[PDB]
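Scroll down for the structure; my scribbles are underneath it.
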Amino acid sequence: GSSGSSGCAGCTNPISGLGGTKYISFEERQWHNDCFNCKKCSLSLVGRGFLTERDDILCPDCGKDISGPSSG
Ligand SMILES: [Zn+2]
Ligand SMILES: [Zn+2]
């Protein structure tokens, strides 16, 4: 029971997109006021300085302390 897989990049569902919704809109990707959460700690990013990972999003806390590849 789905309409379309184009809208919020979180709940695999379309966004209201009617005329002034409290949703998150990015350069290309998008999310909801709730769905919009880190990809490591799933923390509330709505209204914050979230980051942009390769193919995912993250929060300043995580992005700042990203384990990264095999390094020190
Ligand atoms: Zn959503
Ligand atoms: Zn995080």
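So you can find residues: chains in the structure tokens are A, B, ... in the order shown, residues in each start at 1, and ligands are numbered from 1 in order.
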
Surrounding residues as a PyMOL selection string, ligand 1, max 7 Å, only C-alpha atoms and all ligand atoms: chain A and resi 8-13+15+31-32+34-35

With 7 Å as the cut-off and only C-alpha atoms and all ligand atoms counted, what is the closest atom pair between each nearby residue of chain A and ligand 2? Distances in Å to one decimal, ordered by chain and number, as JSON lines.
{"residue": "A:38", "atom": "CA", "partner": "ligand 2", "partner_atom_place_in_ligand_line": "1 (Zn)", "distance": 4.7}
{"residue": "A:39", "atom": "CA", "partner": "ligand 2", "partner_atom_place_in_ligand_line": "1 (Zn)", "distance": 6.3}
{"residue": "A:40", "atom": "CA", "partner": "ligand 2", "partner_atom_place_in_ligand_line": "1 (Zn)", "distance": 4.9}
{"residue": "A:41", "atom": "CA", "partner": "ligand 2", "partner_atom_place_in_ligand_line": "1 (Zn)", "distance": 4.2}
{"residue": "A:42", "atom": "CA", "partner": "ligand 2", "partner_atom_place_in_ligand_line": "1 (Zn)", "distance": 6.0}
{"residue": "A:43", "atom": "CA", "partner": "ligand 2", "partner_atom_place_in_ligand_line": "1 (Zn)", "distance": 5.7}
{"residue": "A:58", "atom": "CA", "partner": "ligand 2", "partner_atom_place_in_ligand_line": "1 (Zn)", "distance": 5.2}
{"residue": "A:59", "atom": "CA", "partner": "ligand 2", "partner_atom_place_in_ligand_line": "1 (Zn)", "distance": 4.2}
{"residue": "A:60", "atom": "CA", "partner": "ligand 2", "partner_atom_place_in_ligand_line": "1 (Zn)", "distance": 6.8}
{"residue": "A:61", "atom": "CA", "partner": "ligand 2", "partner_atom_place_in_ligand_line": "1 (Zn)", "distance": 5.5}
{"residue": "A:62", "atom": "CA", "partner": "ligand 2", "partner_atom_place_in_ligand_line": "1 (Zn)", "distance": 4.3}
{"residue": "A:63", "atom": "CA", "partner": "ligand 2", "partner_atom_place_in_ligand_line": "1 (Zn)", "distance": 6.9}

Dump N, CA, C and O atoms for the selected residues as a PDB file, in the first residue's frame?
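Writing the result to result-v1.pdb gives the following:
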ATOM      1  N   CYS A  38      19.893  11.806  12.540  1.00  0.00           N
ATOM      2  CA  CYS A  38      21.217  11.278  12.236  1.00  0.00           C
ATOM      3  C   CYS A  38      21.126   9.842  11.724  1.00  0.00           C
ATOM      4  O   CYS A  38      20.087   9.194  11.843  1.00  0.00           O
ATOM      5  N   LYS A  39      22.223   9.352  11.155  1.00  0.00           N
ATOM      6  CA  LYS A  39      22.270   7.994  10.627  1.00  0.00           C
ATOM      7  C   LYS A  39      23.070   7.080  11.548  1.00  0.00           C
ATOM      8  O   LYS A  39      23.161   5.874  11.317  1.00  0.00           O
ATOM      9  N   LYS A  40      23.649   7.660  12.594  1.00  0.00           N
ATOM     10  CA  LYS A  40      24.440   6.897  13.553  1.00  0.00           C
ATOM     11  C   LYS A  40      23.762   6.870  14.918  1.00  0.00           C
ATOM     12  O   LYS A  40      23.670   5.822  15.557  1.00  0.00           O
ATOM     13  N   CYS A  41      23.286   8.029  15.360  1.00  0.00           N
ATOM     14  CA  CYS A  41      22.615   8.139  16.650  1.00  0.00           C
ATOM     15  C   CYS A  41      21.141   8.492  16.468  1.00  0.00           C
ATOM     16  O   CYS A  41      20.419   8.707  17.441  1.00  0.00           O
ATOM     17  N   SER A  42      20.703   8.550  15.215  1.00  0.00           N
ATOM     18  CA  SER A  42      19.316   8.880  14.905  1.00  0.00           C
ATOM     19  C   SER A  42      18.817  10.017  15.791  1.00  0.00           C
ATOM     20  O   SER A  42      17.703   9.970  16.312  1.00  0.00           O
ATOM     21  N   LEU A  43      19.651  11.038  15.956  1.00  0.00           N
ATOM     22  CA  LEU A  43      19.296  12.190  16.780  1.00  0.00           C
ATOM     23  C   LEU A  43      18.544  13.233  15.960  1.00  0.00           C
ATOM     24  O   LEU A  43      18.670  13.285  14.737  1.00  0.00           O
ATOM     25  N   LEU A  58      24.257  12.830   8.865  1.00  0.00           N
ATOM     26  CA  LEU A  58      24.732  12.661  10.233  1.00  0.00           C
ATOM     27  C   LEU A  58      24.653  13.975  11.003  1.00  0.00           C
ATOM     28  O   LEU A  58      24.339  15.022  10.436  1.00  0.00           O
ATOM     29  N   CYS A  59      24.944  13.914  12.299  1.00  0.00           N
ATOM     30  CA  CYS A  59      24.908  15.099  13.147  1.00  0.00           C
ATOM     31  C   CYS A  59      26.321  15.568  13.487  1.00  0.00           C
ATOM     32  O   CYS A  59      27.286  14.807  13.422  1.00  0.00           O
ATOM     33  N   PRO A  60      26.445  16.851  13.859  1.00  0.00           N
ATOM     34  CA  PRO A  60      27.734  17.449  14.217  1.00  0.00           C
ATOM     35  C   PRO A  60      28.523  16.586  15.195  1.00  0.00           C
ATOM     36  O   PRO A  60      29.741  16.451  15.075  1.00  0.00           O
ATOM     37  N   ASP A  61      27.822  16.005  16.162  1.00  0.00           N
ATOM     38  CA  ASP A  61      28.458  15.153  17.160  1.00  0.00           C
ATOM     39  C   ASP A  61      29.160  13.971  16.499  1.00  0.00           C
ATOM     40  O   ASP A  61      30.349  13.738  16.721  1.00  0.00           O
ATOM     41  N   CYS A  62      28.418  13.229  15.685  1.00  0.00           N
ATOM     42  CA  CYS A  62      28.968  12.070  14.991  1.00  0.00           C
ATOM     43  C   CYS A  62      29.953  12.502  13.908  1.00  0.00           C
ATOM     44  O   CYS A  62      31.118  12.107  13.920  1.00  0.00           O
ATOM     45  N   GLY A  63      29.475  13.315  12.971  1.00  0.00           N
ATOM     46  CA  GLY A  63      30.325  13.787  11.894  1.00  0.00           C
ATOM     47  C   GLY A  63      31.661  14.301  12.392  1.00  0.00           C
ATOM     48  O   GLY A  63      32.689  14.112  11.743  1.00  0.00           O
TER      49      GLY A  63
END

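The interatomic distance for the pair CA of residue 2 (chain A) and CA of residue 54 (chain A) works out to 27.5 Å.
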
Interatomic distance, CA of residue 53 (chain A) to CA of residue 22 (chain A) (Å, one decimal): 23.1 Å

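Residues of chain A that DSSP, applied to the backbone, places in strand (DSSP E or B): residues 8, 13, 24, 25, 30, 31, 37, 44, 51, 52, 57 and 58 of chain A.
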
Would you export the selected residues with N, CA, C and O atoms as a PDB file, in the first residue's frame, please?
ATOM      1  N   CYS A   8      10.190  11.998   1.082  1.00  0.00           N
ATOM      2  CA  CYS A   8      11.022  11.989   2.280  1.00  0.00           C
ATOM      3  C   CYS A   8      12.021  10.836   2.241  1.00  0.00           C
ATOM      4  O   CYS A   8      11.639   9.674   2.113  1.00  0.00           O
ATOM      5  N   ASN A  13       8.355   7.485   2.087  1.00  0.00           N
ATOM      6  CA  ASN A  13       7.021   7.972   1.757  1.00  0.00           C
ATOM      7  C   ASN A  13       7.076   9.412   1.256  1.00  0.00           C
ATOM      8  O   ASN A  13       8.011  10.160   1.543  1.00  0.00           O
ATOM      9  N   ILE A  24      11.838  18.955   6.089  1.00  0.00           N
ATOM     10  CA  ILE A  24      13.228  19.288   5.802  1.00  0.00           C
ATOM     11  C   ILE A  24      13.531  19.140   4.315  1.00  0.00           C
ATOM     12  O   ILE A  24      13.260  18.101   3.715  1.00  0.00           O
ATOM     13  N   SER A  25      14.098  20.189   3.725  1.00  0.00           N
ATOM     14  CA  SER A  25      14.437  20.178   2.307  1.00  0.00           C
ATOM     15  C   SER A  25      15.926  20.439   2.103  1.00  0.00           C
ATOM     16  O   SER A  25      16.458  21.455   2.552  1.00  0.00           O
ATOM     17  N   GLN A  30      15.569  15.058   0.917  1.00  0.00           N
ATOM     18  CA  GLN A  30      14.582  15.678   1.793  1.00  0.00           C
ATOM     19  C   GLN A  30      14.182  14.731   2.920  1.00  0.00           C
ATOM     20  O   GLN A  30      14.528  13.550   2.903  1.00  0.00           O
ATOM     21  N   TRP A  31      13.451  15.257   3.896  1.00  0.00           N
ATOM     22  CA  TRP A  31      13.004  14.458   5.031  1.00  0.00           C
ATOM     23  C   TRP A  31      11.858  15.146   5.764  1.00  0.00           C
ATOM     24  O   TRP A  31      11.386  16.204   5.344  1.00  0.00           O
ATOM     25  N   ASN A  37      16.711  12.563  11.014  1.00  0.00           N
ATOM     26  CA  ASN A  37      17.531  12.216  12.168  1.00  0.00           C
ATOM     27  C   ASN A  37      18.860  11.608  11.728  1.00  0.00           C
ATOM     28  O   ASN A  37      18.946  10.972  10.677  1.00  0.00           O
ATOM     29  N   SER A  44      17.764  14.065  16.643  1.00  0.00           N
ATOM     30  CA  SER A  44      16.990  15.108  15.979  1.00  0.00           C
ATOM     31  C   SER A  44      17.910  16.102  15.277  1.00  0.00           C
ATOM     32  O   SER A  44      18.695  16.800  15.919  1.00  0.00           O
ATOM     33  N   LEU A  51      24.984  17.250   8.930  1.00  0.00           N
ATOM     34  CA  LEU A  51      26.006  17.121   7.897  1.00  0.00           C
ATOM     35  C   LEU A  51      25.489  16.301   6.719  1.00  0.00           C
ATOM     36  O   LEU A  51      24.318  15.920   6.680  1.00  0.00           O
ATOM     37  N   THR A  52      26.370  16.029   5.762  1.00  0.00           N
ATOM     38  CA  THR A  52      26.003  15.252   4.584  1.00  0.00           C
ATOM     39  C   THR A  52      27.055  14.193   4.275  1.00  0.00           C
ATOM     40  O   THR A  52      28.098  14.493   3.695  1.00  0.00           O
ATOM     41  N   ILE A  57      23.144  10.915   5.965  1.00  0.00           N
ATOM     42  CA  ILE A  57      23.292  12.132   6.753  1.00  0.00           C
ATOM     43  C   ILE A  57      23.754  11.814   8.172  1.00  0.00           C
ATOM     44  O   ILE A  57      23.655  10.674   8.629  1.00  0.00           O
ATOM     45  N   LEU A  58      24.257  12.830   8.865  1.00  0.00           N
ATOM     46  CA  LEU A  58      24.732  12.661  10.233  1.00  0.00           C
ATOM     47  C   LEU A  58      24.653  13.975  11.003  1.00  0.00           C
ATOM     48  O   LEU A  58      24.339  15.022  10.436  1.00  0.00           O
TER      49      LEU A  58
END
